[PDB]
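Take a look at this single chain, the form deposited in one PDB entry, given in structure tokens.
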């Protein structure tokens, strides 16, 4: 291509904001670029967005005396000539620290092949189907997120309860250790004085303490098993959301691409808004 109008250029996008540019320049290779109208919205700016070092670098093109250029002097007839020149030659002429080639253009013609059945009612019905499928997918993802947050609170409360149970076991085992400490060398006094009623009641007290600590062991073990089961369910819900998420993102991309194609095809927005 020797020279072509910028409206027919693949890299030129026209009237869009920085946000969709960042979405289309997101995690792409070095040198990926597009040309859009500047946000100041006056004729003749035609700013360029390039990706270098993982950053969305943004360059301004001036429109003095009917020409174009990155800086003074302006030695380009059209923006397409400048784009081709910096597409064949590195941009280091303007700035030596920007050692990057304009490798890949963000072509709006690339996403045209995604949509099929170009007639208006077919794309309307297809947009309706993907939009409602996105609706059940999103409501499933939010219900799963709600369940995940609730189960996470249950994990936190159950873990706090287990930690309290372990500290209770430490308390009661310290009590049993003190009982043994004050009883090991002192039951000989019981043997000399020879009363069996006090022996049987202190053994009853030790037995009921043993029953209490065994019951607390049983409760701690049961709640630990419940925590393991509920954490397994937590893992399953997390896995389910991680499975849903790429599908939801793909449905979002499909809906956005269909809406953009309908907007650029001259389709009425209000005629498609109320179908949902």
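Between two forms, the rigid core is defined as the largest C-alpha subset superposing within 1.5 Å. Residue numbers count along the first chain shown, from 1.
Same protein, other form: the form deposited in another entry, not shown, and the subject of what follows.
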**Study point:** Rigid core superposed: residue 56 CA moves 2 Å or more between this form and the one not shown
**Key:** no
Review point. Relative to the superposed rigid core, does the CA atom of residue 242 travel 2 Å or more between this form and the one not shown?
Key: no
Review point. So with the core overlaid, does the Cα of residue 232 end up 2 Å or more away between this form and the one not shown?
Key: no
